[PDB]
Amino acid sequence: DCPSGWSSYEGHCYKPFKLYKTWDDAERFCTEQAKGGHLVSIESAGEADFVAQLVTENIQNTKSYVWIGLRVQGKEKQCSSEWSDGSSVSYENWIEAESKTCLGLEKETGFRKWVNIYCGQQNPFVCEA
């Protein structure tokens, strides 16, 4: 039992949203959707199968990713301390779209796998409360 439009699975409510927002923005959007809401957190196998059935049965209408709550809560575009020769990586020239630091889900992988994606993307998502 959950609000109208939310689905239940193990005492939690889930809502697939078909809005194209950046990670940072879909996250902020979920907090203001329910009491203590956030982007879905897949913390178990069963939970992941459920989010996949949900995402498939609801979002699958315009080819793209579906955000999930996992993110390097930091500002490091990479986190590997050194180069193979043992030097400090202190010079950079990353393409932004190329530092895939937020995670997503996708139809290509039957919405059961985490794909490293660019945080500035605009994709739908699943919130959880």
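All residue numbers are counted from 1 along the displayed sequence.
- Taking only CA atoms, the mean B-factor in the PDB entry is higher for 74-82 than for the other of 74-82 and 98-106.
- For the pair 31-39 and 85-93, the mean Cα B-factor is higher in 85-93.
- In the PDB entry, a CA B factor belonging to the lowest third of its chain's modelled residues is recorded for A45.
- Annotation for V66: CA B-factor lies in the middle third of the chain's modelled residues.
- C127: CA B factor lies in the lowest third for its chain, per the PDB record.
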